[PDB]
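Below: one protein chain in two forms, given as structure tokens, structure 1 then structure 2.
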Structure 1
């Protein structure tokens, strides 16, 4: 092979040689697999069980009662009780095996989030020899089914005294002890099943997320909202700045672009004659990943005809307050943005949220008088904004446009104070298209953003139903995006036609499910609420 190999290889070789030499010189100075290879030993034991007729994978086990119902029903037993006239069948995973004797063993069946003891005594078993056989077969982590009578140990521990234990599914890997558990983030994310097995709060987090999604659906349906399914791929890239997920279709011999937002289809449906629509689904944005961003994410978006953002500002209040009260049981939650050892914030979700106007509050905070709302589009405003950003030690990467500088100032000043849920309303028209202009104050739009714990969770604005202005903004977007080529594919010509056919005054709303889940589960990472976060594979040999 390699001449003189590598000093390393050479080095590695000797140690081995030294290792085996010392090993033989020691053991013989005085085939069994080493105990650390639990997988091989367990696999060979299972294979031997298969060959001699004791197949460890039964097709069907009839469960009479769940563990939670068992605990609820038989928690009233006194110590030493034994209901010899009641027979029940339960099932679960073994988490402990305390052998107090040759004929008395204790198992800890953990399932459904609860624990039930199993005190196996050969005196109560059907016979001694099968008791020994089954207790020799069983290991920790094995899924087993237990048929027996309820009882309570002299200590006062509820348990099921088994008449017959059947192995349902053996475990071929070492199962970590619950006292240390699983604490490595990479291991927890790569093996979510092990995370659920060893950690109990993960199951509660996902139950909470499911409860969140159910509540929203129920509320909207009672209001009279219809659930819809819009396409997830389109043949048009669109004019959005967010980078899409490209895909190829061999039959159409073309590329298909993943959905960024279902807004256009919802508005077309409202044009069709469905006044109130909603959809909870996935959005795919080919962008960066951090604690509060994921490339694919679940959002709930609804559209309501004959409404403005003022009505949405009350509907959102009712939604959020009712959901928090229904799930957490109160209006005040505790959030740890930095972790269980960092500072804890008390977030109050009382019905009437705080409402602030961006321009006035920014003037109050920044300390000076920004230009009038009609003069933001002038380069003078851009210049004075740049001067203020430099003076206030705020950094904005280029380009230093008015929209980006204003967003940076808002994030730096108006956003460190949004601990409790707060509405920020009346954005400048430049920072936001697709929102109807403000009916009273010129130069502002008709949107609002709900911020909880300095993070945006909701986003709603009066939909622009003017075909001419919408077409102008779409063409400006396409001009900026295309940089040559043809805007033909950066302009939706069917949405414009629908708008020309006529859209009623509508209000659109959209909420991030994941972020709400993190806020209601005390999780500072979005991956804590995703069941299977995307992890690049670990190179292996």
Structure 2
């Protein structure tokens, strides 16, 4: 019964509390963890009893078998590993205490065992208890579901239940933490300095992404949540710290879907006296080392549409394949499109749209050249990016805050890393020209951010900082969630998030 069981258990616990039987002791001394116990006392043979050694462990019961009136088998489960407890009356303190403690213990209870190691006749590492102490009773029902919980609605809304019933989520979160730690260690070894930029920006920014508007009553003014720490990192680089990095949280006021969250974690770093070609090797080394360290090898098997779908085997050998966008795109399209310098020309946009219509592709109602190309590169180039692949310089239309090409015309010095036909690493070459940056900010604000409103989306403080002299520097960004999904074989962003945002019920 869903309701009657809770009421009965609550009444029993209240009765225990009434007659001087506390079910919530303040302290229990866990001498040894379950993992250490299993590692140490696994050398025992079947049917042994190490009566000399007595240790204290604690854990949550996951099963209760009644082989008789005086023999009860519990299954403690902690640290992701199980351990059987064989409660026998003859080895307990007393028969009365044995039958008293066994009555009050059920599945899911948090208990503390104090006993001697050994094994049964069949052979299993078990601790024969001398005195079982209840630590935290479980009032609610714990279902005994084989193969784990499968309803993908209480797994995300009740994460503790998912951790209790399912065991792979702990491995997923451990892998995510290990990824974060590896990134921190690598960037610290390279000499970077970890920083913490403000999350409450006065100016929202000329970005398309909707900001989370917040009101400050003491200063009676509107604060906008952080979208990217880019401007503050570049300000610090102007200040003198040539290498900065930050693995922080960015908030976006967009919808919630399979692979999108209102808040997410991104690792962003900026290094001075470098460029995208300099960061290509760094990204290669970091990604290959992370794949080799988290897993056991460079090979990773991913299921983009669940286990029942197609399994893709990617190889993370350090020599990633590098393809330049325009030379590869023209080949993939099958025809050579007009030169890059004709980006602004309407004729190039019309002919490119003719190509898209000829190849039967779909484009957003805005028919700008940026949309057409981003669609062309996303459905003829990244499709062949099953293995990790570097996409080179992109036209100046898409990336505003990237310097022009060293030799080519109208090409931003930037690169992207595509794995599993998805974008994980983006790296630009910072624009240190104050006049060009000012013009770009003004035009970006006037275009969409301030199309029919006040032109305040420009950051005068950042332009003033750039006026003081920014060294030739290069940035790099990483979406930690995407890498976590790729390394944990997860096709949902909610599988790698501890408490993902969900639509409220009722």
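We call the rigid core the largest set of C-alpha positions that still match within 1.5 Å between the two forms. Positions refer to the first chain, counted from 1.
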Select from 199, 299, 292, 166 the only position whose Cα moves 2 Å or more between the two structures when the core is aligned. 292
So that I can tell if residue 42 moves, could you say whether its C-alpha shifts by at least 2 Å between the two structures after the core superposition? no
Using a rigid core alignment, state whether the CA of residue 63 is displaced by 2 Å or more between the two structures. no
Given a superposition on the rigid core, I'd like a yes or no on whether residue 51 shifts its C-alpha by 2 Å or more between the two structures. no
Distance the CA of residue 489 travels between the two structures [rigid core superposed, Å]: 2.1
Any chance you could measure the C-alpha shift of residue 415 between the two structures with the core superposed, in Å? 1.3
In Å, how large is the CA movement of residue 117 between the two structures relative to the superposed rigid core? 0.4
